[PDB]
Number of protein chains: 2
Amino acid sequence: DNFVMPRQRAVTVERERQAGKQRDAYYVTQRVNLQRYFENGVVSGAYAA
Amino acid sequence: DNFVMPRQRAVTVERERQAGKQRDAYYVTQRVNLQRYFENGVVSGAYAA
């Protein structure tokens, strides 16, 4: 529960038809992040060094 | 009446979508000029010195 991902825009596939070049360009963008409410709730384990 | 408004095209708004930069480009243009039939008809009063 401590960690939540925020999002401004989802995954969007917008196509652009270039003409002088016969190719069609596809653009996919996304606005996301990962933050936690408070500074706790995650613990890591590592080998003995 | 000595002055005129030579005009070719009026004020036009062109909307362009540039998907590569994901900008909306807006262009406004017009073609105008100022002319007089004869080389006279004006007078201006300036300050001293």
# chains A, B, ... in the order shown; residues from 1 in each chain; ligands from 1
>>> residues_around(residues="residue 30 of chain A", least_positions_apart="2", cutoff="10 Å", atoms="only C-alpha atoms", output="ChimeraX atom specification")
/A:7-13,28,32-33
>>> interface_residues(of="chain B", to="chain A", cutoff="9 Å", atoms="only C-alpha atoms", output="PyMOL selection string")
chain B and resi 18-20
>>> calpha_fit_and_write(fixed="chain B", moving="chain A", output="mmCIF file with C-alpha atoms, in the first residue's frame")
data_model
loop_
_atom_site.group_PDB
_atom_site.id
_atom_site.type_symbol
_atom_site.label_atom_id
_atom_site.label_comp_id
_atom_site.auth_asym_id
_atom_site.auth_seq_id
_atom_site.Cartn_x
_atom_site.Cartn_y
_atom_site.Cartn_z
ATOM 1 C CA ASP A 1 -9.263 60.072 -49.712
ATOM 2 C CA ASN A 2 -5.688 60.381 -50.980
ATOM 3 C CA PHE A 3 -4.437 57.380 -48.975
ATOM 4 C CA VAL A 4 -5.662 53.843 -49.637
ATOM 5 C CA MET A 5 -4.443 50.543 -48.226
ATOM 6 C CA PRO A 6 -4.161 47.658 -50.711
ATOM 7 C CA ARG A 7 -4.596 44.019 -49.790
ATOM 8 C CA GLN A 8 -3.829 40.714 -51.487
ATOM 9 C CA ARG A 9 -4.994 38.386 -48.707
ATOM 10 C CA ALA A 10 -6.879 38.989 -45.477
ATOM 11 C CA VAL A 11 -5.970 37.627 -42.043
ATOM 12 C CA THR A 12 -6.025 33.828 -42.274
ATOM 13 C CA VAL A 13 -5.547 31.369 -39.414
ATOM 14 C CA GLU A 14 -4.218 28.101 -40.832
ATOM 15 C CA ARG A 15 -3.390 25.316 -38.396
ATOM 16 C CA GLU A 16 -0.754 22.650 -38.952
ATOM 17 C CA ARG A 17 -0.947 19.395 -36.997
ATOM 18 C CA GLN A 18 2.583 18.271 -36.215
ATOM 19 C CA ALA A 19 2.641 14.635 -35.144
ATOM 20 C CA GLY A 20 6.191 13.645 -34.201
ATOM 21 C CA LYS A 21 5.895 16.668 -31.999
ATOM 22 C CA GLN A 22 2.529 16.570 -30.249
ATOM 23 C CA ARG A 23 2.217 20.358 -30.515
ATOM 24 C CA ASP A 24 -0.079 22.051 -33.012
ATOM 25 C CA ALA A 25 1.350 25.067 -34.826
ATOM 26 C CA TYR A 26 -0.896 27.961 -35.838
ATOM 27 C CA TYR A 27 0.163 30.302 -38.644
ATOM 28 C CA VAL A 28 -1.424 33.692 -39.335
ATOM 29 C CA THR A 29 -0.315 35.630 -42.412
ATOM 30 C CA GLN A 30 -1.465 38.774 -44.178
ATOM 31 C CA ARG A 31 -0.592 40.781 -47.299
ATOM 32 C CA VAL A 32 -1.220 44.526 -46.878
ATOM 33 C CA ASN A 33 0.396 47.877 -47.627
ATOM 34 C CA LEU A 34 -0.241 51.621 -47.470
ATOM 35 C CA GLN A 35 0.094 53.959 -50.442
ATOM 36 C CA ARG A 36 -1.386 57.212 -51.698
ATOM 37 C CA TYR A 37 -2.586 58.119 -55.175
ATOM 38 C CA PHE A 38 -0.634 61.379 -55.364
ATOM 39 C CA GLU A 39 2.197 63.026 -53.455
ATOM 40 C CA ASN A 40 0.171 65.349 -51.241
ATOM 41 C CA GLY A 41 -2.539 65.358 -48.604
ATOM 42 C CA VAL A 42 -0.492 64.976 -45.412
ATOM 43 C CA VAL A 43 1.096 67.637 -43.194
ATOM 44 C CA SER A 44 3.087 67.242 -39.974
ATOM 45 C CA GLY A 45 3.735 69.654 -37.120
ATOM 46 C CA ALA A 46 6.780 69.658 -34.865
ATOM 47 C CA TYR A 47 8.052 71.561 -31.860
ATOM 48 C CA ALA A 48 10.330 74.536 -32.328
ATOM 49 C CA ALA A 49 13.925 73.330 -32.196
#
>>> select_by_dssp(residues="chain B", states="strand (DSSP E)", output="short mmCIF file (atom, residue, chain, number, x, y, z; two decimals) with N, CA, C and O atoms, in the first residue's frame")
data_model
loop_
_atom_site.label_atom_id
_atom_site.label_comp_id
_atom_site.auth_asym_id
_atom_site.auth_seq_id
_atom_site.Cartn_x
_atom_site.Cartn_y
_atom_site.Cartn_z
N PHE B 3 -5.53 58.48 -49.97
CA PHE B 3 -4.86 57.27 -49.53
C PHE B 3 -5.75 56.05 -49.77
O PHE B 3 -6.98 56.16 -49.82
N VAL B 4 -5.10 54.89 -49.90
CA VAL B 4 -5.78 53.67 -50.29
C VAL B 4 -5.28 52.51 -49.44
O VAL B 4 -4.31 52.63 -48.68
N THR B 12 -5.86 35.37 -42.26
CA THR B 12 -6.16 33.95 -42.32
C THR B 12 -5.42 33.22 -41.21
O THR B 12 -4.24 33.47 -40.97
N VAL B 13 -6.12 32.30 -40.55
CA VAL B 13 -5.54 31.48 -39.49
C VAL B 13 -5.41 30.06 -40.02
O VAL B 13 -6.39 29.46 -40.46
N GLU B 14 -4.19 29.53 -39.99
CA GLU B 14 -3.92 28.17 -40.41
C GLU B 14 -3.48 27.35 -39.21
O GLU B 14 -2.56 27.74 -38.49
N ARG B 15 -4.13 26.21 -39.02
CA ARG B 15 -3.83 25.30 -37.92
C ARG B 15 -3.03 24.13 -38.45
O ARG B 15 -3.43 23.48 -39.43
N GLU B 16 -1.89 23.86 -37.83
CA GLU B 16 -1.04 22.73 -38.20
C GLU B 16 -0.75 21.89 -36.98
O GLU B 16 -0.45 22.42 -35.91
N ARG B 17 -0.83 20.57 -37.15
CA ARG B 17 -0.44 19.62 -36.12
C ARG B 17 0.90 19.00 -36.52
O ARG B 17 0.99 18.33 -37.55
N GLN B 18 1.92 19.24 -35.71
CA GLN B 18 3.25 18.66 -35.93
C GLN B 18 3.42 17.52 -34.94
O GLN B 18 3.94 17.70 -33.84
N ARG B 23 3.35 19.33 -31.22
CA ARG B 23 2.92 20.71 -31.10
C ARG B 23 1.72 20.95 -32.00
O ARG B 23 1.53 20.26 -33.00
N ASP B 24 0.91 21.93 -31.62
CA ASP B 24 -0.07 22.51 -32.52
C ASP B 24 0.46 23.85 -32.99
O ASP B 24 0.60 24.78 -32.19
N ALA B 25 0.79 23.94 -34.27
CA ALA B 25 1.33 25.15 -34.86
C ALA B 25 0.19 26.01 -35.38
O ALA B 25 -0.74 25.49 -36.01
N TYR B 26 0.25 27.30 -35.11
CA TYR B 26 -0.76 28.24 -35.56
C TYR B 26 -0.10 29.35 -36.35
O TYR B 26 0.88 29.95 -35.89
N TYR B 27 -0.64 29.63 -37.54
CA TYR B 27 -0.08 30.62 -38.44
C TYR B 27 -1.17 31.60 -38.83
O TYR B 27 -2.27 31.19 -39.21
N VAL B 28 -0.86 32.89 -38.74
CA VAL B 28 -1.77 33.94 -39.16
C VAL B 28 -1.02 34.83 -40.15
O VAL B 28 0.13 35.20 -39.90
N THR B 29 -1.66 35.13 -41.27
CA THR B 29 -1.01 35.87 -42.35
C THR B 29 -2.00 36.84 -42.98
O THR B 29 -3.21 36.68 -42.88
N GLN B 35 -0.74 53.17 -49.69
CA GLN B 35 -0.30 53.93 -50.85
C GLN B 35 -1.15 55.19 -50.98
O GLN B 35 -2.21 55.32 -50.37
N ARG B 36 -0.65 56.13 -51.78
CA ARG B 36 -1.37 57.35 -52.09
C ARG B 36 -1.36 57.57 -53.59
O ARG B 36 -0.38 57.26 -54.27
#
